[PDB]
Structure formats: C-alpha cells, structure tokens
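In what follows, every heavy atom counts, from backbone to side chain, and hydrogens, waters and symmetry copies are set aside. So that the names make sense, note that chain A is the first sequence line, chain B the second, and so on, each numbered from 1.
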Amino acid sequence: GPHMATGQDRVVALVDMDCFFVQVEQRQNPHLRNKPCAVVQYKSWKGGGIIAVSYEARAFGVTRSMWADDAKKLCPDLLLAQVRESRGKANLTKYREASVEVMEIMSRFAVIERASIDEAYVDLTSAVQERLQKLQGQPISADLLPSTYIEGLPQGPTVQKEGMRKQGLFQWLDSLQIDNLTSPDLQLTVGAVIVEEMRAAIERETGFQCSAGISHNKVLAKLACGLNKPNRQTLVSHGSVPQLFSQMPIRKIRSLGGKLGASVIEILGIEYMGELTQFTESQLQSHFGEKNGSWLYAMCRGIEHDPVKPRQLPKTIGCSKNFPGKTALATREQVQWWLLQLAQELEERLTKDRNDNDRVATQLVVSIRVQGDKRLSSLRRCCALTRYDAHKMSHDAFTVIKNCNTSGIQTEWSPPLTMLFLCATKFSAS
DNA sequence: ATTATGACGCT
DNA sequence: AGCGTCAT
Ligand SMILES: Nc1nc2c(ncn2[C@H]2C[C@H](O)[C@@H](COP(=O)(O)OP(=O)(O)OP(=O)(O)O)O2)c(=O)[nH]1
Ligand SMILES: [Ca+2]
Ligand SMILES: [Mn+2]
Ligand SMILES: [Mn+2]
C-alpha cells in the first residue's frame, strides 16, 4: 500500500551506440555508409570472424559470431572492414578512442558509468529536477521527443511506424500531470527530453548514432534501450512493467541469460519474467540464494537498486589472444615471443593511460588456456606490476606460468597453449 | 577454429 | 587470491 516502495526514486538512462565498430569504420570510410557491412577480425580462417553488423546487413541474417564466408552466402554484397592488426594480433585502439569521444560528451550532461566500450548508464535524477524547475510547469511538447517511443502505447482506441510512435507519444503526454514535480512519469519524460539532447550532441559532435532507454533503474533502462533500435530511444514507465513482463522471456533480462536464468525456468517451471511475482521473497531466496532471491523478487516488479557508479574509465587494461587448433604454442620460444607481443601492446596502452588519466596499475594478471580444457581460462596468476616495461612484464608472466609446462624437454611446451592473456589491474592515483 | 575484452560474484 | 559467470 502506502509504505510499499515502488522503485521510482531515480531516473536512469542507458545509452548504447548502434553497431558501434561498424559506425566507426563508416565514419572513416564513406564508401561503407548506408550499406550492408560488417567488421571482422582476421581473414585467413573462413574469411574472419564478424564482431559487428550494420542494420542493413542484419536484414539478410548476418550476425556477430558468424564467419565472413558464411555471411557472404547470406549477403553476397556485404562489405567488410577489418580490425587493425599490430604485433600479430587484433588491436582495438581505434574503437577505444572513439568510445572515449562519446563518453566525454555524455559526461557533460551527467555523471556516467561506463558499462562497455559502447554503452554507459546515466543517473539523470538531479538533471531532471533542475530541468523541471527551469520549466516552471509548462507541459512537454512532443517536438522535444522526436525519436522517443513510449513502451506499451498506443493502447485501445495507424499503418506506418512513425505514426504509431507519435500516437503512443500523444497518449502518454495527454495523460501527464505536469503540475506535480514529484510525479515519476513526468520525471521519466523530462529524462527522455534530456536524453534526446544528449543523443543529438553525440551525433552532431562524432557522427555516431545511438539508441537509449529511460526508466527508473539500470535493468529497465537497458531493456528499454533494446526495444526500438536503431537510432531511437524508449521510455519504460513503472506502470508499463506488468504487461511488458507478462510475455518477457526470463533470459532477456540482464544477468539472466545464462545458467541462473535457465535454473529459474527449470526449478520454477515458468517462462516469463512476470510469472516470478507469484513466489515469495523467501521462496526465491531458497532456490537462488539470498542475494539473487531478493533481486528477483524486486526485479519482477520493476524494482532494482544497483547504483549508477561514477566511473568513466575501465578498471582493467588487458591484452589477449587465442591460438586455436594447430596454431597453439608448443615451444618455449613461441610462448616467450607472444608474451612479449602482448606485453608490448599492454605497455603502450598503459603508458597512454597513465598520461591521460593520472593513474598507475599495480598488479599484473597472467591467464592461459591449455589444449583440451574447455574452460575459458585454465590458470590465472597475479604478480606485481612495478614498471611499465614490456620485457619485464613478459619475463614476469613467463615466470608465473612456467610451472605449467609439463614437458621434460626444456624447449618444448606441452600441453600446447591455446590462449594467452595479460591484464593490468589495481590502479592507484599518480 | 569464434575472438577480444571487461565487470562482478563466490569462497 | 584464484575461479566462475555473464556480457557479446
Ligand atoms: N572483439 C570483440 N568485440 C566485440 C564482441 N562483441 C561485440 N564486440 C564489439 C563490437 C560492437 O560494435 C561493440 C558494441 O557491442 P554491442 O553488443 O552493443 O553491439 P553493436 O553496438 O555492434 O550493435 P547494437 O546496435 O548495439 O545492437 O562491441 C566480441 O565478441 N569481440
Ligand atoms: Ca551497441
Ligand atoms: Mn553495447
Ligand atoms: Mn550487439
């Protein structure tokens, strides 16, 4: 009733760049613009592996994790851009630098949480209060929301998509009470106005288009962002949650797309997010643990409390390379050469990071995979990172992993290594 | 023979 | 600390 918290305290947005690596390549090369196109890593094996796909190419069935040769079967005119290769490995610097461009624009509007290379959460609660006071009670014109969808609308009492979008927006705005500076629906609407402005600034100043979600928490904002892509934003109100969740497969909610979500489905015998409302908090905690149980109990009612952390920079800086099948490293010279290549890339990125961001990493994490292990990582070991020197870092990594070589021969490495990974962690201000 | 990351939870 | 999960 009156004391039942509804999770409507905050306004949170999620801004996600559309097909980001493709847009970076399309900015650089105009010949790729408005084309079916994809970004690939490497080329010799099956044409390279696709990691990003323009919406034109998606219409043909092209997807991430597809080999380029197979994508070309679906889309013979598909255009491809390759990730840069440096020191024998894919180098993603161009996309990291483009990401910094976008994140710095977003940070002008509010403090952001970098959630991935192409997305950030925004806590707009205070910006919304300021804009509401600057308003002084005039309604919000639909002209201020030119790319906004209102999830669940229109409803009740019409042939084109833009017309449907505008009908839903008109229903939403007509139902607004603009006199109540504490109305959550009004707060979300002002949040969407601000996100329109943020997205316009990103496109004006970078050329990049993005989508966004606006809701009361991170999970709903992320979910909202996905509802209308590309180049659109979606408002998910608290009131829209029962209908939205009533046919929402559990796996669509962030953190439930893996084993835990599969267990919710199997143990409870349900399919959709909304079905979770029928269980008590103690029932859910009994199946899924105290933390997960409380999280599920609140989240199936649209409520989630995870804060937008004030963090624009990555917490770790890492370098990794797989050595699949017959390219696995089987000699000491090979292992050392590749550790050096990874360490040289890491030194370059770290030195740039120190100059830009006034911090130094203090811990080096070395991870490997051995042939025959299905796990991502077969072994992780840390050591001290006291100098940004690639030769020292690669020698230290070799020292912490050399006990893995079960070969009696000094020169051979067995079982062969199918992955190397170096990660700099535990930053301190400098 | 998807690949290259990055965050966070558990014990 | 080292391992697992989730994201993609
Ligand atoms: N190296 C590498 N990069 C990846 C992988 N998956 C995604 N990326 C990169 C390429 C994408 O452009 C970028 C952002 O990922 P997203 O999941 O947001 O998709 P994207 O922006 O491409 O499309 P979207 O419009 O958001 O659906 O991350 C991967 O497995 N490996
Ligand atoms: Ca994206
Ligand atoms: Mn993303
Ligand atoms: Mn994607």
With a 4.0 Å limit, can you tell me whether A:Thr316 has a side-chain N or O closer than that to the phosphate oxygens OP1/OP2 of B:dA7?
yes

A:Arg254 side chain N/O closer than 4.0 Å to the phosphate oxygens (OP1, OP2) of C:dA7?
no

From B:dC10, B:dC8, B:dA1, pick the nucleotide closest to the side chain of A:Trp67?
B:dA1

note: A:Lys426, atom NZ; B:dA7, atom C1'; distance rounded to Å ~ 13 Å

So, is A:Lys89 near the phosphate of B:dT3, with a side-chain N or O under 4.0 Å from OP1 or OP2?
no

Nucleotide nearest A:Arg380 when distance is taken to its side chain, options C:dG4, B:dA7, C:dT5
C:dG4

What integer distance in Å separates A:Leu346:CG from B:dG6:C1'?
14 Å

Using ring-ring contact (aromatic ring centres under 6.0 Å, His included), reason through A:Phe279 and A:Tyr297 one step at a time and then give a plain yes or no.
CA-CA 8 Å; A:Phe279 301 91; A:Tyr297 182 84; over 10 Å; no

B:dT2 to C:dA7 separation - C1' atoms, rounded to the nearest Å
15 Å

Given B:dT3, B:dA4, B:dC10, identify the nucleotide with an atom nearest to the side chain of A:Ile51.
B:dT3

Identify which nucleotide among B:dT5, B:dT2, B:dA7 has an atom closest to any side-chain atom of A:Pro314, counting heavy atoms from C-beta outward.
B:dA7

Rounded to whole Å, how long is the line connecting atom CD of A:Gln371 with atom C1' of B:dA1?
12 Å

Exceeds 12 heavy-atom contacts within 6.0 angstrom, atom NZ of A:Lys166
no

Between A:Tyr42 and B:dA4, is there a contact of a side-chain N or O with OP1 or OP2 at under 4.0 Å?
yes

Closest to the A:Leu376 side chain, choosing from C:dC3, B:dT5, B:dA4
B:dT5

If the cut-off is 4.0 Å, is A:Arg251 near the phosphate of C:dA7, judged by side-chain N/O to OP1 or OP2?
no

May I ask you to verify if any side-chain N or O of A:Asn322 is less than 4.0 angstrom from the OP1 or OP2 atom of B:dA1?
no

Among C:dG2, B:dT2, B:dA1, the one nearest any side-chain atom of A:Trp45 is B:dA1

From the candidates B:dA7, B:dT3, B:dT2, the one with an atom nearest any side-chain atom of A:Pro324 is B:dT3

If the cut-off is 4.0 Å, is A:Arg311 near the phosphate of B:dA7, judged by side-chain N/O to OP1 or OP2?
yes

Are any of A:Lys315's side-chain N or O atoms less than 4.0 Å away from OP1 or OP2 of B:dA7?
no

Nearest to side-chain heavy atoms of A:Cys382, which nucleotide of B:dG6, C:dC6, C:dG2:
C:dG2

Could you check which of B:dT5, B:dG9, C:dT8 has an atom nearest any side-chain atom of A:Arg349?
B:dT5

Is A:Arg96 close enough to B:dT5 that one of its side-chain N or O atoms is under 4.0 Å from OP1 or OP2 there?
yes

